[PDB]
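For reference, structure32.pdb (PDB, C-alpha atoms and all ligand atoms):
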MODEL        1
ATOM      1  CA  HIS A  75      -2.596  -4.203  15.405
ATOM      2  CA  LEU A  76      -2.039  -7.471  13.375
ATOM      3  CA  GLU A  77      -4.829  -7.957  10.798
ATOM      4  CA  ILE A  78      -6.066  -4.322  11.383
ATOM      5  CA  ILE A  79      -6.222  -2.493   7.962
ATOM      6  CA  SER A  80      -9.323  -2.632   5.800
ATOM      7  CA  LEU A  81      -9.166  -3.452   2.098
ATOM      8  CA  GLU A  82     -11.087  -0.185   1.523
ATOM      9  CA  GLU A  83      -8.209   1.523   3.406
ATOM     10  CA  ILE A  84      -5.125   0.288   1.504
ATOM     11  CA  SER A  85      -7.342   0.612  -1.547
ATOM     12  CA  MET A  86      -8.065   4.304  -1.087
ATOM     13  CA  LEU A  87      -4.440   4.923  -0.113
ATOM     14  CA  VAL A  88      -3.053   3.434  -3.341
ATOM     15  CA  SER A  89      -5.874   4.248  -5.872
ATOM     16  CA  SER A  90      -5.092   7.671  -7.247
ATOM     17  CA  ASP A  91      -8.529   9.300  -7.721
ATOM     18  CA  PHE A  92      -8.032  10.710  -4.172
ATOM     19  CA  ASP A  93      -5.793  13.614  -3.244
ATOM     20  CA  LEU A  94      -3.321  13.330  -0.367
ATOM     21  CA  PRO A  95      -5.248  15.911   1.751
ATOM     22  CA  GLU A  96      -8.252  13.524   2.106
ATOM     23  CA  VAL A  97      -6.294  10.337   2.543
ATOM     24  CA  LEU A  98      -4.088  11.746   5.296
ATOM     25  CA  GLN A  99      -7.142  12.973   7.202
ATOM     26  CA  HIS A 100      -8.304   9.410   7.220
ATOM     27  CA  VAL A 101      -4.815   8.104   7.987
ATOM     28  CA  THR A 102      -4.379  10.208  11.155
ATOM     29  CA  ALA A 103      -7.923   9.507  12.200
ATOM     30  CA  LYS A 104      -7.197   5.778  11.712
ATOM     31  CA  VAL A 105      -3.880   5.724  13.674
ATOM     32  CA  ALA A 106      -5.114   7.926  16.522
ATOM     33  CA  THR A 107      -8.026   5.578  17.139
ATOM     34  CA  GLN A 108      -6.036   2.432  16.541
ATOM     35  CA  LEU A 109      -3.341   3.315  19.051
ATOM     36  CA  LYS A 110      -5.971   4.780  21.379
ATOM     37  CA  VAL A 111      -4.006   8.100  21.306
ATOM     38  CA  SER A 112      -5.545  11.574  21.692
ATOM     39  CA  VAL A 113      -3.930  13.258  18.642
ATOM     40  CA  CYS A 114      -1.976  12.239  15.566
ATOM     41  CA  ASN A 115      -0.542  14.767  13.138
ATOM     42  CA  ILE A 116       1.348  14.676   9.894
ATOM     43  CA  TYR A 117       3.810  17.331   8.882
ATOM     44  CA  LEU A 118       5.182  17.299   5.397
ATOM     45  CA  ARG A 119       8.583  18.673   4.414
ATOM     46  CA  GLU A 120       8.254  21.914   2.485
ATOM     47  CA  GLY A 121      11.271  24.197   2.007
ATOM     48  CA  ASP A 122      13.555  24.352   5.082
ATOM     49  CA  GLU A 123      10.451  23.721   7.236
ATOM     50  CA  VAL A 124       7.670  21.246   7.811
ATOM     51  CA  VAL A 125       3.997  22.117   7.639
ATOM     52  CA  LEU A 126       0.870  20.364   8.971
ATOM     53  CA  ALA A 127      -0.885  18.146   6.403
ATOM     54  CA  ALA A 128      -3.361  16.212   8.476
ATOM     55  CA  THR A 129      -4.638  16.015  12.051
ATOM     56  CA  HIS A 130      -6.642  13.986  14.358
ATOM     57  CA  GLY A 131      -6.717  16.025  17.500
ATOM     58  CA  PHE A 132      -6.461  19.576  16.165
ATOM     59  CA  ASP A 133      -9.033  21.463  14.229
ATOM     60  CA  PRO A 134      -8.742  20.850  10.477
ATOM     61  CA  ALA A 135      -8.639  24.676  10.404
ATOM     62  CA  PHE A 136      -5.006  24.404  11.557
ATOM     63  CA  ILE A 137      -4.005  22.418   8.401
ATOM     64  CA  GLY A 138      -1.905  24.959   6.486
ATOM     65  CA  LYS A 139      -1.256  26.985   9.536
ATOM     66  CA  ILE A 140       1.325  25.112  11.538
ATOM     67  CA  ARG A 141       4.948  25.263  10.534
ATOM     68  CA  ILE A 142       8.004  23.868  12.291
ATOM     69  CA  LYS A 143      11.330  25.211  11.039
ATOM     70  CA  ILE A 144      13.669  22.341  10.287
ATOM     71  CA  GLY A 145      15.973  21.461  13.192
ATOM     72  CA  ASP A 146      13.699  23.438  15.514
ATOM     73  CA  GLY A 147      11.354  21.203  17.516
ATOM     74  CA  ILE A 148      11.961  17.672  18.634
ATOM     75  CA  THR A 149       9.689  17.282  15.608
ATOM     76  CA  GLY A 150      12.254  19.405  13.807
ATOM     77  CA  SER A 151      15.072  17.044  14.836
ATOM     78  CA  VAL A 152      13.109  13.988  13.629
ATOM     79  CA  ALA A 153      12.543  15.806  10.325
ATOM     80  CA  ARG A 154      16.255  16.544  10.073
ATOM     81  CA  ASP A 155      17.865  13.305  11.210
ATOM     82  CA  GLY A 156      15.284  10.757  10.153
ATOM     83  CA  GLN A 157      15.495   8.776  13.357
ATOM     84  CA  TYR A 158      12.228   8.798  15.275
ATOM     85  CA  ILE A 159      12.254   9.827  18.978
ATOM     86  CA  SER A 160       9.603   8.777  21.535
ATOM     87  CA  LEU A 161       9.496  10.503  24.919
ATOM     88  CA  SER A 162       7.483  11.019  28.077
ATOM     89  CA  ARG A 163       7.892  14.230  30.042
ATOM     90  CA  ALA A 164       6.687  15.588  33.326
ATOM     91  CA  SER A 165       5.666  19.280  32.808
ATOM     92  CA  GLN A 166       4.358  22.108  35.124
ATOM     93  CA  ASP A 167       3.534  25.807  34.385
ATOM     94  CA  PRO A 168       3.323  27.795  37.698
ATOM     95  CA  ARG A 169      -0.197  27.832  39.384
ATOM     96  CA  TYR A 170      -1.004  28.455  43.105
ATOM     97  CA  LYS A 180       0.866  17.733  33.048
ATOM     98  CA  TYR A 181       2.474  14.384  32.124
ATOM     99  CA  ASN A 182       2.428  13.751  28.325
ATOM    100  CA  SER A 183       3.908  11.223  25.878
ATOM    101  CA  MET A 184       4.838  11.733  22.255
ATOM    102  CA  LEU A 185       6.050   9.648  19.339
ATOM    103  CA  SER A 186       7.602  11.417  16.497
ATOM    104  CA  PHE A 187       8.475   9.329  13.521
ATOM    105  CA  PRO A 188       9.884  10.287  10.120
ATOM    106  CA  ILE A 189       8.395   9.637   6.713
ATOM    107  CA  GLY A 190      11.315   8.989   4.379
ATOM    108  CA  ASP A 191      13.540   6.694   2.425
ATOM    109  CA  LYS A 192      16.997   5.758   1.250
ATOM    110  CA  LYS A 193      17.558   9.331  -0.002
ATOM    111  CA  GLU A 194      15.750  11.567   2.583
ATOM    112  CA  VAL A 195      12.912  12.670   4.797
ATOM    113  CA  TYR A 196       9.647  13.810   3.333
ATOM    114  CA  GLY A 197       7.793  14.413   6.558
ATOM    115  CA  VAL A 198       7.012  13.524  10.166
ATOM    116  CA  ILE A 199       4.080  11.750  11.774
ATOM    117  CA  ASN A 200       3.413  12.586  15.446
ATOM    118  CA  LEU A 201       1.398  10.895  18.081
ATOM    119  CA  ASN A 202       0.842  12.718  21.359
ATOM    120  CA  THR A 203      -1.172  11.535  24.265
ATOM    121  CA  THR A 204      -1.638  13.621  27.380
ATOM    122  CA  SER A 205      -1.201  10.563  29.655
ATOM    123  CA  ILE A 206       2.161   9.344  30.975
ATOM    124  CA  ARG A 207       2.455   6.293  28.702
ATOM    125  CA  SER A 208       5.171   4.242  27.215
ATOM    126  CA  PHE A 209       5.227   3.461  23.532
ATOM    127  CA  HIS A 210       5.653  -0.282  23.105
ATOM    128  CA  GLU A 211       7.852  -1.735  20.267
ATOM    129  CA  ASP A 212       5.233  -2.987  17.860
ATOM    130  CA  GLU A 213       3.236   0.146  18.545
ATOM    131  CA  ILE A 214       6.225   1.738  16.791
ATOM    132  CA  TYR A 215       6.285  -1.043  14.166
ATOM    133  CA  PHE A 216       2.667  -0.187  13.416
ATOM    134  CA  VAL A 217       3.546   3.467  12.865
ATOM    135  CA  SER A 218       6.660   2.434  10.867
ATOM    136  CA  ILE A 219       4.402   0.648   8.338
ATOM    137  CA  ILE A 220       2.015   3.607   8.252
ATOM    138  CA  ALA A 221       4.960   5.982   7.734
ATOM    139  CA  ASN A 222       5.742   3.938   4.656
ATOM    140  CA  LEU A 223       2.235   3.746   3.296
ATOM    141  CA  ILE A 224       2.198   7.446   3.673
ATOM    142  CA  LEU A 225       5.556   7.669   1.908
ATOM    143  CA  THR A 226       4.108   5.599  -0.827
ATOM    144  CA  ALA A 227       0.976   7.810  -1.219
ATOM    145  CA  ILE A 228       3.235  10.811  -1.774
ATOM    146  CA  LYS A 229       5.574   9.097  -4.201
ATOM    147  CA  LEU A 230       2.689   7.724  -6.330
ATOM    148  CA  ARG A 231       0.943  11.041  -6.547
ATOM    149  CA  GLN A 232       3.734  13.539  -6.754
ATOM    150  CA  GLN A 233       5.946  11.882  -9.353
ATOM    151  CA  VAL A 234       3.559   9.508 -11.278
ATOM    152  CA  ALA A 235       1.046  12.452 -11.487
ATOM    153  CA  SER A 236       3.113  15.521 -12.464
ATOM    154  CA  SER A 237       5.444  13.370 -14.684
ATOM    155  CA  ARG A 238       3.024  10.600 -15.773
TER
ATOM    156  CA  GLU B  74     -17.958  -3.373   3.656
ATOM    157  CA  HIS B  75     -14.628  -5.052   2.760
ATOM    158  CA  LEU B  76     -13.397  -7.232   5.691
ATOM    159  CA  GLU B  77      -9.934  -7.002   7.461
ATOM    160  CA  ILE B  78      -8.301  -9.490   5.077
ATOM    161  CA  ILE B  79      -4.791  -7.981   4.847
ATOM    162  CA  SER B  80      -1.757  -8.211   7.094
ATOM    163  CA  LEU B  81       0.771  -5.644   8.190
ATOM    164  CA  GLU B  82       3.897  -7.303   6.724
ATOM    165  CA  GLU B  83       1.962  -8.401   3.662
ATOM    166  CA  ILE B  84       1.171  -4.745   3.137
ATOM    167  CA  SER B  85       4.733  -3.880   4.162
ATOM    168  CA  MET B  86       6.579  -6.241   1.828
ATOM    169  CA  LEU B  87       4.323  -4.883  -0.881
ATOM    170  CA  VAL B  88       5.768  -1.430  -0.446
ATOM    171  CA  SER B  89       9.126  -2.255   1.294
ATOM    172  CA  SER B  90      12.681  -1.201   0.499
ATOM    173  CA  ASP B  91      14.634  -4.381  -0.312
ATOM    174  CA  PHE B  92      11.758  -6.766  -0.662
ATOM    175  CA  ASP B  93      11.887  -8.063  -4.207
ATOM    176  CA  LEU B  94       9.427  -8.242  -7.063
ATOM    177  CA  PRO B  95       9.538 -11.982  -7.978
ATOM    178  CA  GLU B  96       9.398 -12.912  -4.277
ATOM    179  CA  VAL B  97       6.673 -10.422  -3.544
ATOM    180  CA  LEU B  98       4.555 -11.789  -6.418
ATOM    181  CA  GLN B  99       5.281 -15.322  -5.421
ATOM    182  CA  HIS B 100       3.480 -14.492  -2.168
ATOM    183  CA  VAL B 101       0.696 -12.328  -3.586
ATOM    184  CA  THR B 102      -0.428 -15.352  -5.673
ATOM    185  CA  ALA B 103      -0.252 -17.746  -2.706
ATOM    186  CA  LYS B 104      -2.363 -15.298  -0.727
ATOM    187  CA  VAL B 105      -5.112 -14.976  -3.328
ATOM    188  CA  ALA B 106      -5.225 -18.716  -4.021
ATOM    189  CA  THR B 107      -5.512 -19.335  -0.323
ATOM    190  CA  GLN B 108      -8.051 -16.579   0.177
ATOM    191  CA  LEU B 109     -10.471 -17.096  -2.619
ATOM    192  CA  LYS B 110      -9.725 -20.753  -2.020
ATOM    193  CA  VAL B 111      -8.866 -21.132  -5.703
ATOM    194  CA  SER B 112      -6.641 -23.892  -7.291
ATOM    195  CA  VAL B 113      -4.312 -21.574  -9.217
ATOM    196  CA  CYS B 114      -3.263 -17.971  -9.232
ATOM    197  CA  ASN B 115      -0.836 -16.752 -11.876
ATOM    198  CA  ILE B 116       0.467 -13.297 -12.666
ATOM    199  CA  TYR B 117       1.758 -12.591 -16.123
ATOM    200  CA  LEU B 118       3.264  -9.209 -16.798
ATOM    201  CA  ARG B 119       4.224  -7.439 -19.912
ATOM    202  CA  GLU B 120       7.188  -7.763 -22.233
ATOM    203  CA  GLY B 121       7.021  -6.195 -25.700
ATOM    204  CA  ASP B 122       4.335  -7.930 -27.822
ATOM    205  CA  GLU B 123       3.592 -10.618 -25.241
ATOM    206  CA  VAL B 124       3.079 -11.278 -21.556
ATOM    207  CA  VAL B 125       5.192 -13.624 -19.438
ATOM    208  CA  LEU B 126       4.568 -15.668 -16.287
ATOM    209  CA  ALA B 127       5.859 -13.782 -13.231
ATOM    210  CA  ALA B 128       4.484 -15.717 -10.256
ATOM    211  CA  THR B 129       2.283 -18.649  -9.676
ATOM    212  CA  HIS B 130       0.508 -20.369  -7.041
ATOM    213  CA  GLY B 131      -0.588 -23.630  -8.506
ATOM    214  CA  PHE B 132       2.113 -24.322 -11.051
ATOM    215  CA  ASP B 133       5.595 -25.467 -10.405
ATOM    216  CA  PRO B 134       7.516 -22.174  -9.924
ATOM    217  CA  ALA B 135      10.052 -23.636 -12.422
ATOM    218  CA  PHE B 136       7.668 -22.363 -15.159
ATOM    219  CA  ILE B 137       8.196 -18.648 -14.254
ATOM    220  CA  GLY B 138      10.553 -18.078 -17.164
ATOM    221  CA  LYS B 139       8.520 -20.011 -19.534
ATOM    222  CA  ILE B 140       5.022 -19.064 -20.428
ATOM    223  CA  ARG B 141       4.701 -16.284 -22.946
ATOM    224  CA  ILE B 142       1.339 -15.313 -24.421
ATOM    225  CA  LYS B 143       0.951 -12.960 -27.404
ATOM    226  CA  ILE B 144      -1.338  -9.952 -26.720
ATOM    227  CA  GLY B 145      -3.850 -10.986 -29.417
ATOM    228  CA  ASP B 146      -3.928 -14.593 -28.086
ATOM    229  CA  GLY B 147      -5.537 -16.039 -24.879
ATOM    230  CA  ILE B 148      -8.712 -15.253 -23.081
ATOM    231  CA  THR B 149      -5.638 -13.996 -21.307
ATOM    232  CA  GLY B 150      -4.595 -12.124 -24.421
ATOM    233  CA  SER B 151      -7.742 -10.075 -24.659
ATOM    234  CA  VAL B 152      -7.547  -9.062 -21.020
ATOM    235  CA  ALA B 153      -3.879  -7.985 -21.650
ATOM    236  CA  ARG B 154      -4.767  -5.997 -24.765
ATOM    237  CA  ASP B 155      -8.126  -4.291 -24.248
ATOM    238  CA  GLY B 156      -7.670  -3.964 -20.495
ATOM    239  CA  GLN B 157     -11.216  -4.645 -19.380
ATOM    240  CA  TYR B 158     -11.190  -8.107 -17.609
ATOM    241  CA  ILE B 159     -13.149 -11.317 -18.443
ATOM    242  CA  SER B 160     -14.493 -14.223 -16.331
ATOM    243  CA  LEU B 161     -15.779 -17.551 -17.598
ATOM    244  CA  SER B 162     -17.085 -20.986 -16.758
ATOM    245  CA  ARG B 163     -16.793 -23.910 -19.024
ATOM    246  CA  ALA B 164     -18.094 -27.365 -18.456
ATOM    247  CA  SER B 165     -15.574 -29.065 -20.831
ATOM    248  CA  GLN B 166     -15.699 -32.973 -21.037
ATOM    249  CA  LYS B 180     -14.543 -32.702 -15.696
ATOM    250  CA  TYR B 181     -14.502 -28.819 -16.138
ATOM    251  CA  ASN B 182     -13.088 -25.408 -14.946
ATOM    252  CA  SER B 183     -13.940 -21.767 -14.003
ATOM    253  CA  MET B 184     -11.628 -18.799 -14.390
ATOM    254  CA  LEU B 185     -11.017 -15.118 -13.800
ATOM    255  CA  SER B 186      -8.672 -13.160 -15.931
ATOM    256  CA  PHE B 187      -8.262  -9.645 -14.525
ATOM    257  CA  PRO B 188      -6.138  -6.722 -15.825
ATOM    258  CA  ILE B 189      -3.258  -4.984 -13.995
ATOM    259  CA  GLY B 190      -3.076  -1.350 -15.132
ATOM    260  CA  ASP B 191      -3.930   2.341 -15.016
ATOM    261  CA  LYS B 192      -5.625   5.189 -16.928
ATOM    262  CA  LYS B 193      -3.435   4.648 -20.048
ATOM    263  CA  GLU B 194      -1.572   1.383 -19.874
ATOM    264  CA  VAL B 195      -2.026  -2.371 -19.137
ATOM    265  CA  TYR B 196       0.879  -3.835 -17.169
ATOM    266  CA  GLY B 197      -0.010  -7.525 -16.979
ATOM    267  CA  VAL B 198      -2.758 -10.013 -16.052
ATOM    268  CA  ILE B 199      -3.588 -11.813 -12.832
ATOM    269  CA  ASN B 200      -5.508 -15.120 -13.322
ATOM    270  CA  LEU B 201      -7.540 -17.535 -11.241
ATOM    271  CA  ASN B 202      -8.874 -21.010 -12.066
ATOM    272  CA  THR B 203     -10.641 -23.524  -9.966
ATOM    273  CA  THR B 204     -11.308 -26.825 -11.726
ATOM    274  CA  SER B 205     -14.751 -26.610 -10.230
ATOM    275  CA  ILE B 206     -17.439 -24.780 -12.070
ATOM    276  CA  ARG B 207     -17.974 -21.502 -10.059
ATOM    277  CA  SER B 208     -18.721 -17.957 -11.198
ATOM    278  CA  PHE B 209     -16.963 -15.465  -8.875
ATOM    279  CA  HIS B 210     -18.870 -12.984  -6.667
ATOM    280  CA  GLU B 211     -18.912  -9.219  -7.194
ATOM    281  CA  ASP B 212     -17.069  -9.045  -3.852
ATOM    282  CA  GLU B 213     -14.521 -11.659  -4.845
ATOM    283  CA  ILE B 214     -13.632  -9.661  -7.973
ATOM    284  CA  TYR B 215     -13.321  -6.413  -6.037
ATOM    285  CA  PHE B 216     -10.737  -8.053  -3.802
ATOM    286  CA  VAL B 217      -8.800  -8.992  -6.855
ATOM    287  CA  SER B 218      -9.145  -5.498  -8.335
ATOM    288  CA  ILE B 219      -7.607  -4.328  -5.097
ATOM    289  CA  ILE B 220      -4.909  -6.992  -5.324
ATOM    290  CA  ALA B 221      -4.208  -5.683  -8.822
ATOM    291  CA  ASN B 222      -3.545  -2.079  -7.704
ATOM    292  CA  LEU B 223      -1.253  -3.537  -5.056
ATOM    293  CA  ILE B 224       0.665  -5.458  -7.688
ATOM    294  CA  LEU B 225       0.520  -2.423  -9.948
ATOM    295  CA  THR B 226       2.167  -0.215  -7.326
ATOM    296  CA  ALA B 227       4.599  -2.837  -6.139
ATOM    297  CA  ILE B 228       5.591  -2.561  -9.792
ATOM    298  CA  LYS B 229       5.181   1.170 -10.033
ATOM    299  CA  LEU B 230       7.564   1.831  -7.045
ATOM    300  CA  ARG B 231      10.351  -0.454  -8.187
ATOM    301  CA  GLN B 232      10.752   1.361 -11.539
ATOM    302  CA  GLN B 233      10.442   4.940 -10.194
ATOM    303  CA  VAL B 234      13.215   3.993  -7.811
ATOM    304  CA  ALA B 235      15.408   2.130 -10.362
ATOM    305  CA  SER B 236      14.470   3.501 -13.844
ATOM    306  CA  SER B 237      14.398   7.206 -12.682
ATOM    307  CA  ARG B 238      17.058   8.073 -10.115
TER
HETATM  308 NA    NA C   1       2.405  17.438  16.840
HETATM  309 NA    NA C   2      -3.022 -19.011 -16.067
ENDMDL
END

Please re-express this file's structure in C-alpha cells.
Ligand code: NA
Ligand code: NA
Amino acid sequence: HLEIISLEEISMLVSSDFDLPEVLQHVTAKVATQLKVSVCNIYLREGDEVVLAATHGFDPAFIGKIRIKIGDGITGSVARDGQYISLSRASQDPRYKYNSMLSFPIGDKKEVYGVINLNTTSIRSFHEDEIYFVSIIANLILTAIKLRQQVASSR
Amino acid sequence: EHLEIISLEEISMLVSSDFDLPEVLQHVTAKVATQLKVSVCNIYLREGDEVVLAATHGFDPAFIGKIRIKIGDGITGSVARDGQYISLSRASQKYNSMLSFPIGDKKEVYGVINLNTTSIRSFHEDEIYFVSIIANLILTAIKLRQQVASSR
C-alpha cells in the first residue's frame, strides 16, 4: 500500500550489518501480511536451479531444502523468462481446492537472480498495484543482493 | 518506533533503473526540507580534494555546479573529512541552526548532506536518525549507479 514501508524497514534492508537470510525472512513476512496472503516465498537463482531463501507460510526448516530446476515449475518459467505470471486455478484430487498465485522475478537489465511467490488458497484476483507493490519489493530485494554480494566480497 | 514516512515511488526512484542521480538527489533534498520542515537541504558529494554541491532544496538549483568546499575547510569540511557528523546553533547578530551529516561507509566518506533553518533549533535524536537513514539511501543510490556503470 501507498505510504506502507517503515523507515526501520528500508533501513535494515540497505544497512549492511544484516545478512540476506534475516532480511528476507522479514521481507516475506512483511509482504504476506501486507497483501493479506497466506504464504510468500523467495527463491534465489543458484546454478541451473532456484532454491528457497525465505518463507512466510512454510516452516523456516524448509529454507535450504526446496529446489526448483530452472524451466521446471511455473516458478521455473518465471525464473527463466523474467516475466511474472499470476494465475488462479480450480484443482481437485479424487475423494468420495481453488488457489491463486503470483510469481514475480527478481532481476535486472542483464538477468534474473530469483523469484518471489505469493500463494493464497482462496480464488482471488491479483489487482494491478498489488503487482506494483511486489514489483518494488522485487527491486528492493534485488538491491539487497547486489549491495551485499558484490560490495562485500569485492569491497 | 520510526513512523511510515516514506513512499513507494520515492523508495523506487531511489533504487530504479533509469532514474537519474542529479534528479533523484534534487528530490531527496526537497523531501527532507519538507519533512523536517527545514529552510534548506543541500547535498555535496566528493570530488578529489573537495566536495561539490549536488542537489539543493533552498538554493537556486543553478548553483549545483558551483559550490566547492575543500575537505579541511567548512564545518562542512570537517564532516567530509573525519566522517563523524556535527550539529550547531548560532545566535549570530537574526541567527541560524544547522546539521551537517556524513554520507559514507566503514572505510570511506562519500559526501555531506546539510540542513539549516534560520531559526535557532537543535535537532532531535529522532530527527537525526531520519537523516542517517536518508544518508544510507543517498549512499546506495550512489553505490548502485557506479557498480552498474564503473564495473560492467
Ligand atoms: Na512457492
Ligand atoms: Na549548505

Hey, could you make a per-residue contact list for chain A against ligand NA 1 (chain C) with 8 Å as the cut-off, showing the nearest pair of atoms and its distance in Å to one decimal, counting only C-alpha atoms and all ligand atoms, sorted by chain and number, as a tab-separated table?
residue	atom	partner	partner_atom	distance
A:113	CA	C:NA1	NA	7.8
A:114	CA	C:NA1	NA	6.9
A:115	CA	C:NA1	NA	5.4
A:116	CA	C:NA1	NA	7.5
A:149	CA	C:NA1	NA	7.4
A:186	CA	C:NA1	NA	8.0
A:199	CA	C:NA1	NA	7.8
A:200	CA	C:NA1	NA	5.1
A:201	CA	C:NA1	NA	6.7
A:202	CA	C:NA1	NA	6.7

Practice task
Counting all atoms listed in the file, name the residues that have an atom within 10 Å of an atom of ligand NA 2 (chain C); the answer should be given as a list in words.
Solution key: residues 113, 114, 115, 116, 117, 126, 129, 130, 131, 132, 140, 147, 148, 149, 184, 185, 186, 198, 199, 200, 201 and 202 of chain B

Exercise for the section: Within 9 Å of chain B, which residues of chain A are there when counting all atoms listed in the file? Please give them as a PyMOL selection string. Expected result: chain A and resi 75-82+84-85+88-89+191-192+216+219-220+222-223+226+229-230+233-234

Exercise for the section: Apply the PyMOL selection byres (((chain A and resi 183) around 10) and not hetatm) to the file shown and report the selected residues as an MDAnalysis selection string. Expected result: chainID A and resid 111 160:164 181:182 184:185 201:209

Could you state which residues are captured by the PyMOL selection byres (((chain A and resi 126) around 12) and not hetatm) in this file, as a compact mmCIF listing (two decimals) with C-alpha atoms, in the coordinates of the input?
# COMPACT_ATOMS: atom_id res chain seq x y z
CA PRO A 95 -5.25 15.91 1.75
CA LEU A 98 -4.09 11.75 5.30
CA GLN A 99 -7.14 12.97 7.20
CA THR A 102 -4.38 10.21 11.16
CA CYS A 114 -1.98 12.24 15.57
CA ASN A 115 -0.54 14.77 13.14
CA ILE A 116 1.35 14.68 9.89
CA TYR A 117 3.81 17.33 8.88
CA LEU A 118 5.18 17.30 5.40
CA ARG A 119 8.58 18.67 4.41
CA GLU A 120 8.25 21.91 2.48
CA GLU A 123 10.45 23.72 7.24
CA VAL A 124 7.67 21.25 7.81
CA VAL A 125 4.00 22.12 7.64
CA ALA A 127 -0.88 18.15 6.40
CA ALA A 128 -3.36 16.21 8.48
CA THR A 129 -4.64 16.02 12.05
CA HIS A 130 -6.64 13.99 14.36
CA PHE A 132 -6.46 19.58 16.16
CA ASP A 133 -9.03 21.46 14.23
CA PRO A 134 -8.74 20.85 10.48
CA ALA A 135 -8.64 24.68 10.40
CA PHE A 136 -5.01 24.40 11.56
CA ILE A 137 -4.00 22.42 8.40
CA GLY A 138 -1.90 24.96 6.49
CA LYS A 139 -1.26 26.98 9.54
CA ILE A 140 1.32 25.11 11.54
CA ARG A 141 4.95 25.26 10.53
CA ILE A 142 8.00 23.87 12.29
CA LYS A 143 11.33 25.21 11.04
CA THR A 149 9.69 17.28 15.61
CA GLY A 197 7.79 14.41 6.56
CA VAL A 198 7.01 13.52 10.17
CA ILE A 199 4.08 11.75 11.77
CA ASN A 200 3.41 12.59 15.45

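When the PyMOL selection byres (((chain A and resi 94) around 8) and not hetatm) is evaluated against the file, it yields residues 92, 93, 95, 96, 97, 98, 227, 228 and 231 of chain A.
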
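Atom pair atom CA of residue B:96 / atom CA of residue B:128: separated by 8.2 Å.
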
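Note that atom CA of residue A:146 and atom CA of residue A:106 are 24.4 Å apart.
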
With only C-alpha atoms as the counted atoms, please give the residues lying no more than 10 Å from residue B:203, apart from itself and same-chain residues fewer than 2 positions off, as a CSV table (one decimal) with C-alpha atoms, keeping the file's coordinate frame.
chain,number,residue,atom,x,y,z
B,106,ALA,CA,-5.2,-18.7,-4.0
B,109,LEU,CA,-10.5,-17.1,-2.6
B,110,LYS,CA,-9.7,-20.8,-2.0
B,111,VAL,CA,-8.9,-21.1,-5.7
B,112,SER,CA,-6.6,-23.9,-7.3
B,113,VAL,CA,-4.3,-21.6,-9.2
B,114,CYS,CA,-3.3,-18.0,-9.2
B,162,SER,CA,-17.1,-21.0,-16.8
B,181,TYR,CA,-14.5,-28.8,-16.1
B,182,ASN,CA,-13.1,-25.4,-14.9
B,183,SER,CA,-13.9,-21.8,-14.0
B,184,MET,CA,-11.6,-18.8,-14.4
B,185,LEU,CA,-11.0,-15.1,-13.8
B,201,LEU,CA,-7.5,-17.5,-11.2
B,205,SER,CA,-14.8,-26.6,-10.2
B,206,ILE,CA,-17.4,-24.8,-12.1
B,207,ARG,CA,-18.0,-21.5,-10.1
B,208,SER,CA,-18.7,-18.0,-11.2

Problem - Within 10 Å of residue B:120 using only C-alpha atoms, minus same-chain residues under 3 positions, as a count of residues only - result: 10

Is it possible to get the axis-aligned box enclosing stretch 84-95 of chain A (all listed atoms, 4 Å extra per side) as lines of an AutoDock Vina configuration file, with centre and edge lengths in Å rounded to one decimal?
center_x = -5.8
center_y = 8.1
center_z = -3.0
size_x = 13.5
size_y = 23.6
size_z = 17.5

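Take atom CA of residue B:236 and atom CA of residue B:122: the distance between them is 20.7 Å.
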